[PDB]
Amino acid sequence: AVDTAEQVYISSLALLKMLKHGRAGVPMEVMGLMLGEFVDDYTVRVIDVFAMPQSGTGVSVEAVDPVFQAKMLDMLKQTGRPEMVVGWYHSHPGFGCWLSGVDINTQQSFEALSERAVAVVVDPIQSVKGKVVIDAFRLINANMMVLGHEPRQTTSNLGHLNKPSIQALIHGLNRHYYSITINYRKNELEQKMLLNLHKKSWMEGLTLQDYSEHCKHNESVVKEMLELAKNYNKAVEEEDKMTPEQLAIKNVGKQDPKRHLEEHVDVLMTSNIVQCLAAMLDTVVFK
Amino acid sequence: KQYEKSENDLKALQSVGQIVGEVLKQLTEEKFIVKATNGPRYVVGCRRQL
Amino acid sequence: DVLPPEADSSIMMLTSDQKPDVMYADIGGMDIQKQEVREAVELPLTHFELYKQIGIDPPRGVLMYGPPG
Amino acid sequence: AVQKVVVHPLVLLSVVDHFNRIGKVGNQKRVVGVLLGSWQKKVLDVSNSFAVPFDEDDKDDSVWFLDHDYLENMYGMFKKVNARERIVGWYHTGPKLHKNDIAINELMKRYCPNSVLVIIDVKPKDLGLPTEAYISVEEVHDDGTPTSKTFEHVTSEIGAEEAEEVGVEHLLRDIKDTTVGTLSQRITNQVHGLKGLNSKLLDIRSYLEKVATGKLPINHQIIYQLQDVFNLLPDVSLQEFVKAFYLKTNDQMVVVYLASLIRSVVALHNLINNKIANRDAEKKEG
Ligand SMILES: [Zn+2]
């Protein structure tokens, strides 16, 4: 229909609430509401996420208890920030994350309250480490198919939408759905203290403790895996000396003949762990 | 009470049939390997309260 | 992905306690046959390297038969 | 008792956003909230958390507020959505703990039998490990103190979960120098010396400070006790502690001969492959 620039802001707590609540109830689509602030025409800013309670034991079925609305928003009024609801979410846990018939069913009833209340889909399965996968959508009408649907200001967002993407059925659901870009702004305070946590708190408390424990390893436990290393670096070696012989025998470097390889580099890296933690001994133990 | 029992039926019309199978063995803490009785094998997961 | 070895041998290998609880002296007077089954099955299970030195080529599979009972 | 508590990133970000909640009133307000978790084992688990109303004024500074009813209905909400999840304790912002930081636990001991607290820092000037956690026990003294009811720290870290791995490890995208091996530990090797130094600097500052102020604070029990513990274990003796160094030679031995033998051979073999494919494509190219 009449479109605008497509842009969705986040909160950093949001994504975590999404993944936790969509993981803890995984095989059934778990309803959840979404809370934020309509700043303007084209950007929407979710700032808070609270999950919905569950009901009877069936896929995709959803409800909005209004006493839960009143009491939850009341608690968030006596919490420091009360703000306006901005939409909702659930998961499509086993697939390529398209809104189902029940999803568009609650969308045509939910769209009469808010215009740009954006439906969002988290998936805790098709993301491993380098995917969110954040996936939000927006419903189109059927009355305005006499008119066009195609102003699409700031053209980059659409061409960006077609790349994160697959299916025959998403391709069948470019009707009734046009997505919207999601991006991420991060507090440098929060970024730096998450860096504190996950580049400092993977090192452990007082920080001497586990390195002196490695120093405990280096004179009691290492010699056993050094015996394992020496037995490997005899047994693997007397047959990997057959390998340049057979390289001279068969061809100049053709296809893979069979199972084994050199594999020594990994065992040598474990020996490098041995020497570095043996270097730790002088440093820690003395002074 | 007709409306009550038939509304229970009305809510109940949305349940989904579920596949019956047997578990071959356990791979990991979350990965499970089953066999559908009609046919092929699979690799599945559990719920969180099982 | 690769799987670890799996896919039941009807359960697997009886695993703890599914022993028939039959002893040696329970069988009476089958000395040639018990001794032959021993040397065909139980003995190559342990003294594997004697076969490689004497040059016997111990068998792969053994077959029993007889009237029912 | 408790082995250690396992804090997840979600609750720490749930403190940071809470400071963002109450950062607009500004005037005089610490961050205080309520902790949620799971008593897993002797180890402790933490999953969720949320807010609480709380304030504290200047005159007669023992004025403190814990809404029971907020706790009742919002714990009813969280128990309604998740029955695996229940209360384990509370938290606050923790610059340090002040004197009024016992009464919160002494309120909500009637909710959790061992109501554990969490002390964080929203300002990451701490070059130590955040998310400190205490627990209140009693240590009734030889001097005949009636009941000393003192919080005591049980160690803490940041744990892992499969989905929060996806979350955190995508939210960083910032720094990765590790290439995990001989050098993923050396940054923390600078850290262990430097963060023994910071703690020892706190030690010498405390030792100099007890003589000046506190009127005669000096710790009176755990100064001489743990000081003599310090003065009973710096072993610098020289009879066979010298003779650990042919085991050090043995530590050198294995890695020296593994490196010297196999590294050169592998790099040589790769030189063989490179020069074969170099000259045999050179005679076909030129
Ligand atoms: Zn759905």
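Going by the header, the method for this PDB entry is cryo-EM, and the resolution given is 3.6 Å.

(A) Local environment of unusual backbone geometry. With omega at -20°, the peptide bond leading from A:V132 into A:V133 counts as cis. Although it is not a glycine, D:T131 adopts a positive phi angle of roughly 55°. Assignment of secondary structure puts D:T131 in the loop between α3 (103-108) and β5 (134-138).

(B) Structural context of the coordination of the zinc ion. All names here are of chain A. Every protein donor of the zinc ion is listed here as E29 (OE), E29 (OE), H90 (NE2), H92 (NE2) and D103 (OD), and their distances to the metal cover 2.2 to 2.7 Å. Mapping the donors of the zinc ion onto the primary sequence yields the spacing E-x60-H-x1-H-x10-D. Here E29 is found in the loop between α1 (12-23) and β2 (32-37), whereas its partner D103 is found in helix α3 (residues 101-110), with 74 residues between them in sequence. Comparing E29 with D103, the two get one shared label, buried.

(C) Examining the sheet that holds β2(A) more closely. Residues and elements named next belong to chain A. Strand order in this open sheet of 6 strands is β1-β3-β2-β4-β5-β6, and the pairing throughout is mixed. This sheet does not close on itself; its edge strands, each paired only once, are β1 (7-9) and β6 (136-137). Of the strand pairs in this sheet, β1 and strand β3 (residues 43-51) are connected by 3 bridges, and their pairing is parallel. Along β3, the bridge assignment pairs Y9 with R45. In the packing of helix α2 (residues 66-78) onto the sheet, contacts are made with β2 and β3, and the angle to β3 comes to roughly 105°.

(D) Structural detail: the interface of chain A and chain D. Every contact between the two is made by 72 residues of chain A and, on the other side, 65 residues of chain D. Summing both sides of the interface, chain A and chain D together bury roughly 6500 Å²; the carbon and sulfur share of this comes to 68%. Summed over the shared surface of chain A and chain D, the number is 2 salt bridges. Between D:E169 and A:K129 there is a salt bridge, with its nearest N and O atoms 3.8 Å apart. Where chain A packs against chain D, one counts 12 residue pairs in polar contact.

(E) Spotlight on the nonpolar core. Counting 38 residues, the largest nonpolar core has A:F50, D:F50, D:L66 and D:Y70 as the members making the most contacts within it. Mapped onto this core, the elements with two or more residues apiece are β2, α2, β4 (84-91) and β5 (118-122) of chain A together with β2 (32-38), α2 (68-81) and α3 of chain D. Those residues in contact with D:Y70 that lie beyond four places of it in its chain are A:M75, A:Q78, A:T79, D:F50, D:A51, D:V52, D:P53 and D:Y75. Among the nonpolar cores identified, the runner-up in size contains 27 residues, and A:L16, A:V46, A:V118 and A:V120 belong to it.

(F) How the structure looks around the packing of aromatic side chains. The final tally for this structure, using the stated rule, is 6 aromatic pairs over all chains. Where D:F241 meets D:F245, the ring centres are 6.2 Å apart and the plane angle is 50°; that geometry is what we call tilted. An aromatic cluster is present here, built from D:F50, D:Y70 and D:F78 joined pairwise through their rings. Sitting above the plane of the C:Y24 ring, C:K34 keeps its charged end 3.5 Å from the centroid. The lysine or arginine in question, D:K200, covers the ring of D:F230, its NZ or CZ lying 5.0 Å from the ring centre.

(G) Seen up close, helix α1 (residues 9-21) of chain D. Residues and elements named next belong to chain D. Between its terminal C-alpha atoms α1 stretches 18 Å, which fits the 18 Å expected from 13 residues at 1.5 Å a residue. α1 sits mainly inside the fold: 11 of its 13 residues count as buried. Where α1 is concerned, the buried positions are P9, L10, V11, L12, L13, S14, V15, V16, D17, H18 and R21.

(H) Inspection of the UniProt feature "short sequence motif: JAMM motif" in chain A at higher detail. Cross-referencing UniProt, the feature "short sequence motif: JAMM motif" maps to residues 90-103 of chain A in the present numbering. In this annotation, residues 90-103 of chain A is assigned 21% helix and 14% strand; the end-to-end C-alpha distance for the span is 9 Å.

(I) Representation of the arrangement of the chains in the model. With 4 pairs of chains in contact overall, the greatest share of contacts is found between chains A and D. Here chain A and chain C are not in contact; the least distance found between their C-alpha atoms is 14 Å. Contact between chain C and chain D is absent, and the minimum C-alpha spacing across the pair is 20 Å.

(J) The side chain of D:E164, seen in detail. Its place among the elements puts D:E164 in helix α4 (residues 162-171). A:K20 provides the closest opposite charge to the buried, salt-bridge-free D:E164, at an N-O distance of 8.2 Å. Each residue touching D:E164, except ones within four places of it in the same chain, is listed here: A:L19, D:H8, D:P9, D:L10 and D:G159.

(K) Examining the pattern of salt bridges more closely. Residues and elements named next belong to chain A. Counted according to the given criterion, the structure contains 12 salt bridges over all chains. With its nearest N and O atoms 2.9 Å apart, the salt bridge here joins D41 to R116. In this pair, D41 sits in the loop between β2 and β3 while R116 sits in the loop between α3 and β5, placing the two residues 75 residues apart along the sequence. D41 sits in the partly exposed class, given a relative accessible area of 42%. The exposure class of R116 is partly exposed, given its relative accessible area of 31%.

Analysis parameters
For every chain, the first residue of the written sequence is numbered 1, i.e. counting runs from 1 onward, and this need not coincide with the entry's numbering; residues without coordinates are not included. Working convention: letters from A go to chains and numbers from 1 go to ligands, in the order in which they are written. These chains belong to a larger assembly; the numbers reported describe only the chains shown. Water and hydrogen atoms play no part in the side-chain values, which are based on all heavy atoms of the structure. Residues with missing side-chain atoms are left out of burial classes, side-chain pairs and their counts. Each helix is a run of DSSP H or I of at least 4 residues and each strand a run of E of at least 2, with the numbering of both proceeding from the N terminus. Listed donors are limited to N, O and S atoms within 2.8 Å of the metal, widened to 3.2 Å for Na, K and Ca; water is not among them, so incomplete-looking sites are possible. Relative accessibility thresholds used throughout: buried, under 20% of the residue-type maximum; exposed, over 50%; partly exposed, between the two (1.4 Å probe, protein chains only). Strands are treated as partners if at least two bridges between them are detected by DSSP. Whether two residues touch is decided by their heavy atoms; if any such pair falls within 4.5 Å, the residues are in contact. Here, axes are lines fitted to C-alpha atoms. For helices the fit covers the stretch in contact, and angles between N-to-C directions go from 0 to 180 degrees. Here the quantity called buried area is the total loss of accessible area, with a 1.4 Å probe, experienced by two parts when brought into contact, counted for both. One side-chain nitrogen of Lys or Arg within 4 Å of one carboxyl oxygen of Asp or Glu is enough to make a salt bridge. Here a polar contact means two N or O atoms within 3.5 Å. Within protein one must be a hydrogen donor candidate and the other an acceptor candidate, and residues neighboring in sequence count only if both atoms are side-chain atoms. For the purposes of this section, nonpolar cores are sets of buried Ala, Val, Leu, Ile, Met, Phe, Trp, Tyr and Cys residues that join through side-chain atoms within 4.5 Å. Two rings from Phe, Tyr or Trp (for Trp, the six-membered ring) form a pair when their centres sit within 6.5 Å of each other. Planes less than 30 degrees apart are called stacked, planes more than 60 degrees apart edge-to-face, and all others tilted. Two conditions define a charge located above a ring, namely a distance within 6 Å from the ring centre to NZ of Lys or CZ of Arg, and an angle within 35 degrees of the ring normal. Each residue after the first adds 1.5 Å to the expected span of a helix. UniProt positions are given in the numbering used here, feature names are shortened, and annotations may be inferred rather than shown by experiment. Counted charges follow a simple rule, with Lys and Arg positive, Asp and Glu negative, and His plus the chain ends left uncounted.

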